Amino acid sequence: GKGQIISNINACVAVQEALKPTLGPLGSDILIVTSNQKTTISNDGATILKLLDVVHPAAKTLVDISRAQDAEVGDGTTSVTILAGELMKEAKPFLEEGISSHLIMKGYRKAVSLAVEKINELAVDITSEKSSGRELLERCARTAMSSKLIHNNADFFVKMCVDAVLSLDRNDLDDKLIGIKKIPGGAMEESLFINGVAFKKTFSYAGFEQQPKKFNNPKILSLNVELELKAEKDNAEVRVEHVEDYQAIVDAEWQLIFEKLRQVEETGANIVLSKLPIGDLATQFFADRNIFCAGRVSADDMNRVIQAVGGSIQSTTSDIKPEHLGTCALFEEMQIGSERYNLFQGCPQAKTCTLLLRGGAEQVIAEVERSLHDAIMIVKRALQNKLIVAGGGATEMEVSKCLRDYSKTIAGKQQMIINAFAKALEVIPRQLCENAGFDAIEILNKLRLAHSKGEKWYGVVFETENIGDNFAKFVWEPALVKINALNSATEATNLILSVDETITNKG
Amino acid sequence: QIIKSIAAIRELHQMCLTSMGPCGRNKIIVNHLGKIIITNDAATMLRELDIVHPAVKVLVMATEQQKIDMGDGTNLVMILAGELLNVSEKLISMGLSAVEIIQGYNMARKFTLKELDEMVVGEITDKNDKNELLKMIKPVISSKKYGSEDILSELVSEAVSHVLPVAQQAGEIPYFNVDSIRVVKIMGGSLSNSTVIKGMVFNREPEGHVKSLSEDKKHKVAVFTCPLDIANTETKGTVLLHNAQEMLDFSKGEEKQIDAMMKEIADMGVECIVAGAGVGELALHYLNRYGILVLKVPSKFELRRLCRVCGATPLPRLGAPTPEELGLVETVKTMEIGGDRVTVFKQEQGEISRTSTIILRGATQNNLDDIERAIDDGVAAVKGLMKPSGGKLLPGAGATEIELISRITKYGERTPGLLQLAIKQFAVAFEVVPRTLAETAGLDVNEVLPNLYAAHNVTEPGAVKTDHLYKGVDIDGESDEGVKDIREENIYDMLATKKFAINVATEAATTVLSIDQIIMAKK
Amino acid sequence: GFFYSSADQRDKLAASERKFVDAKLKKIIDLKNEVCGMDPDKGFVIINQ
């Protein structure tokens, strides 16, 4: 009956309430404690909903639709749930009045169909008009970096961010291809950009002062087995009773390891990397041959080495082929932060890069690293899609405006339903002002003043509270996000309103 | 006690009232494995739900008759049988025994089934044309995922035409098969990217360096049931470990024996080896040099239907490539379906096969489950297209249920005796079908009902009926006011579905009304 | 036991034991053609529990 429908309304509001403070770059962050007892803090709606694992069917629908928003698009996972859940509150008083939810869901199909048509009209394709090649991507990075602690140092940060995208093919871009390694301690403005891949360098064992940071053309080869002979698991027991035989029964094992020398020595690989920690056995002979070795390397950073110089992983040292080797242009190692950092530079075949970040504390860089990810998506989608729309409240207000005029010509219950859907579009700009500190009541009244003057581009300024146009604020958003957000929010809402009774079997 | 059995079903009666129809509602049922499963078909939901009430099981067993023997009417039998219990409360309150109630339905059943022969105007010629099959398949695919019935109609109509072989003037040998059509689903893509392919699409990885074979026709395919391993002896032949000297013969022995078995197979021209069980590591290295595609089928249910497509036969032994057990396929390629590279299995002209696969694409995982199950229910109605009244049809969507009311009330005063009370209540029980269609569509109950009576009841000075008897229950939500001809959208209920559902609905309510006492134990 | 070096040699030893069944099938098929073999409206059915 209608009792379970009302219970599904509050279930969507409870999930929406957690994602309200996380909307926007200046929004608040949520703290969720996983069963693994690991602290996870993120403002992105995808990761938030994936860690909740809610048993409620309607609340899980908002979680499942967030994965579809992150798959086909990857941006707007927080706003798609807030918009989908807002329809549950607007349709709550309509159920008590006798209006069925089926006519409410029917009005959304006609409202979204007319809204998508208005998105293409607001999207203007511009590339070389009033813009250059270098200054195009630089002005987009300063938008997401505004109202942040890095705003003073953002001059040096944009130059390193643009070079990360240009270092890869503009046809295929991925945010996972750009790596970031946090460096505790040091000045923020002293960070540099690296063309190759780097790792954390957790190797604490001795044999330092050699393998200098200056290399010419080192050869890279992947390693599988362990170089050390120490057996961690198995063992053996053999004992003799002869007194004079105690001499040589302590002696010879490592001579068997010499069998793997000539195979590796004739290869000439100057870089030794593996997914297992390198032992304490030989740190020297490699340095005599100008061969470098680094142990305790994570498995995630080993896959980037294969895509860099074109290496390969072989189990033994016998069948290793000579053409699997690769070399970089230059090597660099920095001791800043009381820790050595190994990084490769000048790899022409590298499909990945690494950007180092420095700061006062580790928690300070965590806010800088995540604030950069929002700027990378704006720079990445600029070259991929040439159709962009004005964001920051601009597009969200006009989509709700056109539905008010078109509803006047429509007769029946669909008039108040489209007007309710248009009113439901005001939750997106609301939380953006409340999370940024601005009063949502005063802006909502003042923004609708110039919004009726015939200009559809008026947005909301995120720096200083005021009404105006985001065109001067350099706030750009792609058209694929606004189109897929209305379809994903409506489809997820139609499935919840179409289920009157919830049945859960235990077993 | 007879009221408690009806009240327990009445609480579950409203669940099935929202099933039938495109504007209805669906129920979310959490499976015992921790997976949310939702579907429109009630026969599937009743199997997942655990109900110890035997009175409910009477309607569940009657629902399986609509799911198995027919491809449509699972939601209709639950509405008709549930309404017969509510209208029977008026006769029980007056003091009428259950004998005249059951006898009244039996007398009204023969009167209804006799009039169904006159309800058929047009007859399907069974042309099996792509455009002609869209008339019967559309109403079966409908009432699920409303709005997608236009695109999904071409997928089923084209797949059924591929299953039916070309023949004329022969109705003795059956043609269509239900299990020969398997539907696949992959996350990603859109609905417009779907197509119709003849074969069984394999979503498994190629497992080897050979992605696809050449374009030459009649590729030799070998299906091996025994897994790939070193050749052993059928009698005893147990390999054990004793001394380290035999360890070298175990590794080096498997290299020479497996390479010798694969050489004799490649010499005969076999480009494909199908292994139903696991494949060893050493076997994948030899198949790369001989140019043999690696294909694994872990499901033993697909091996029986594969013999009727390519023509290959499973071999319980290994190393004996008998040419009589080898099949032939024209085209084997590798295409990207849903974003991943998969090996496609299809053909062109020769070796006509009855196995077809409808490829589906979409972002939502739950929406792909209903569309996949709707195709199985859509192709199941093809079996009902045979000689036993497969061409006869009747207008649906509330057109027939209202028209039959005028014929039942005419026979009420004609038949003397106590049966007059059961005949009048027999026609009233059919008013629940058009009422649920108006409630789920948002229309008022006081609107659609009086408009249907005035449309089918007119004063015509003549014997031959005029105007239109095809007026159904309109969803409205568009145009201006009133209803429209249901024949314009080519939506109708097949007579084999409606006529067979009447006999099931009467027997379902007869058992409940005939049981005046129940005895169970606490569980 | 079955001793074979190659898979082709296994069919020679396996068919040796199958000749016992094929020898009895030759006498069964001869009974059909012996009595009303070519006569119409005739049949031969094997129960074989």
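Residue numbers (the entry's author numbering), protein chains in the order written: chain H, 22 to 528; chain Q, 27 to 549; chain Z, 250 to 298.
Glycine is no exception: its CB is placed at the ideal position from the N, C-alpha and C atoms.
Taking 7 Å as the threshold, the shortest C-beta distance from residue 261(Q) to chain Z falls below it.
For residue 377(H), there is no enclosing alpha helix (DSSP H); the residue is part of the beta strand (DSSP E) that begins and ends at 374-379.
Put simply, the backbone Cα of residue 190(H) is about 21 Å away from that of residue 365(Q). Between the alpha carbons of residue 45(H) and residue 456(H) lies a gap of roughly 8 Å. At a cut-off of 3 residues, the continuous stretches assigned as beta strand (DSSP E) that sit fully inside the region 226-296 of chain Q are 245-250. For the region 269-287 of chain Q, the residues whose beta carbon sits under 9 Å from a beta carbon of chain Z are, in order, 286, 287. CA-CA distance, residue 259(Q) to residue 252(Z), rounds to 7 Å.
Contact between residue 329(H) and residue 296(H) fails: their C-beta atoms lie close to 16 Å from each other, not under 8 Å. With distances taken between CA atoms, residue 164(H) lies nearest to 412(H) out of 108(H), 412(H), 232(H). Contact check for residue 64(H) and residue 50(H): beta-carbon distance about 5 Å, within the 8 Å limit, so the pair qualifies. Contact of residue 197(H) with chain Q is not assigned, every C-beta pair being separated by 7 Å or more. Collapsing the DSSP output to three states places residue 353(Q) in a strand.
Apart from sequence neighbours up to five positions away, the residues of its chain that approach residue 250(Q) with a beta-carbon distance below 8 Å are 299, 300, 301, 302, 340, 341, 344, ordered along the chain. Chain Q has a Cβ within less than 7 Å of the Cβ of residue 520(H). The Cβ of residue 345(Q) sits closer than 7 Å to at least one Cβ of chain Z.
At a beta-carbon threshold of 9 Å, none of the residues of chain Z lie near residue 107(Q); the nearest stands roughly 46 Å away. Annotated three-state conformation of residue 66(H) is helix, per DSSP. Annotated three-state conformation of residue 366(H) is strand, per DSSP.
Going by C-alpha positions, residue 182(Q) is about 22 Å away from residue 420(Q).
In this chain, the alpha helix (DSSP H) harbouring residue 93(Q) covers 80-94. Take residue 168(H), set aside five residues on each side of it, and the residues of its chain with a beta-carbon closer than 7 Å to its own are 47, 483, 484, in chain order. Residue 24(H) sits in a helix when the DSSP states are folded into three classes. At a cut-off of 3 residues, the continuous stretches assigned as beta strand (DSSP E) that sit fully inside the region 380-446 of chain Q are 383-388, 419-421.
Taken through DSSP and simplified to helix, strand or coil, residue 122(H) comes out as helix. Counting along the chain, residue 544(Q) sits inside no beta strand (DSSP E), nor does DSSP assign it H or E at all.
Under the DSSP assignment, residue 523(H) falls in the beta strand (DSSP E) whose first and last residues are 523-525. By the 16-neighbour rule on beta-carbons within 10 angstroms, residue 53(H) is exposed. In this structure residue 124(Q) is in contact with residue 540(Q), their Cβ atoms being roughly 6 Å apart against a cut-off of 8 Å.
Contact annotation: residue 368(Q) and residue 113(Q) have beta-carbon atoms that are not nearer than 7 Å. Annotated three-state conformation of residue 179(H) is helix, per DSSP.
Non-local C-beta neighbours of residue 67(H) in its own chain, meaning closer than 6 Å and more than five positions away in sequence, comprise 87, 91, 98, ordered along the chain.
Residues of the region 250-283 of chain Z with a C-beta less than 9 Å from any C-beta of chain Q: 250, 251, 252, 253, 255, 256, 257, 259, 260, 263, listed in chain order. Shortest Cα-Cα distance from residue 165(Q) to any of 448(Q), 401(Q), 28(Q) involves 401(Q). The Cβ neighbour count for residue 267(Q), taken over all protein chains shown within 10 Å, is under 16; the residue is labelled exposed. DSSP, reduced to helix, strand and coil, places residue 359(Q) within a strand of the structure shown. Note that the C-beta distance between residue 351(H) and residue 367(H) is below 7 Å.
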